[PDB]
């Protein structure tokens, strides 16, 4: 639910750019079959940026329905305005989602005090578990360990998706929070390392197209079988890297289509179709993982 391999699931679209219900069902069945621990619905990989709040909510509710109690669903609820983050969060109160993934405000670059006040206010307007999400290369700001420790004192703030790729954060945060605060990687290429350092899992892009391997890798990691896990990680490493050869989720949506998991690889502008060079790059990474 908040450990193991969690997929940051794509929002499959038809050629018109609207959610494709048949493709979403196919993906969710695949994750249930694959042993994926949970689904993050309309996070970064799910094109939260280009979906309006109504469309965002429709996708989450549809995912919840299709999941049909077979796998937990976490809604993406991040916003760079606190009032807006509260409003979006309130849409999913009493919905059936098990928690929220809420990113540090992007673009307006709040202070550490501002981040504290932002997340505290959000948590105070919901009973839903809150997972913080730090990704400075996308947001322009960096939620530091000290502020994480401060927020972890709030009752329903229960974990962090740490996507810096800076592995020193694991033990910097861990020593500042209680033993049941969840530490999740948001960086596929360093996620096994993250887990070896004491992390509890990964919210993953790679898991969209290698769900079984990812689930297997995180199981081995949790059991301390890191050498065995590294064999899988090595098989997956080219995808960990090349799924960002062009901006996420352009590569992973193409990979889904290629594996027959979705009907179309359509995205919304300003995301654009994958280049020819990108195709071959991603195809080779799929081949290396033994999926094509």
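Positions refer to the first chain, counted from 1.
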{"item": "5-13 set against 280-288, stretch whose average Cα temperature factor tops the other in the entry", "value": "280-288"}
{"item": "Which of 218-226 and 97-105 has higher mean CA B factor, as the PDB entry lists it", "value": "218-226"}
{"item": "Member of 266, 50, 234, 248 with the greatest C-alpha B factor (per the PDB record)", "value": "234"}
{"item": "Selection from 123, 75, 167, 191 [criterion: highest C-alpha temperature factor in the record]", "value": "123"}
{"item": "Chain third (lowest, middle, highest) by recorded CA B-factor, residue given as residue 187", "value": "lowest"}
{"item": "Residue 111 - which third its CA temperature factor falls in, relative to the rest of the chain", "value": "lowest"}
{"item": "Third of the chain's Cα B-factor distribution that residue 171 belongs to, per the entry", "value": "middle"}
{"item": "Third of chain Cα B-factors occupied by residue 258", "value": "highest"}
{"item": "Ranked against its chain, the third holding the CA B-factor of residue 34", "value": "highest"}
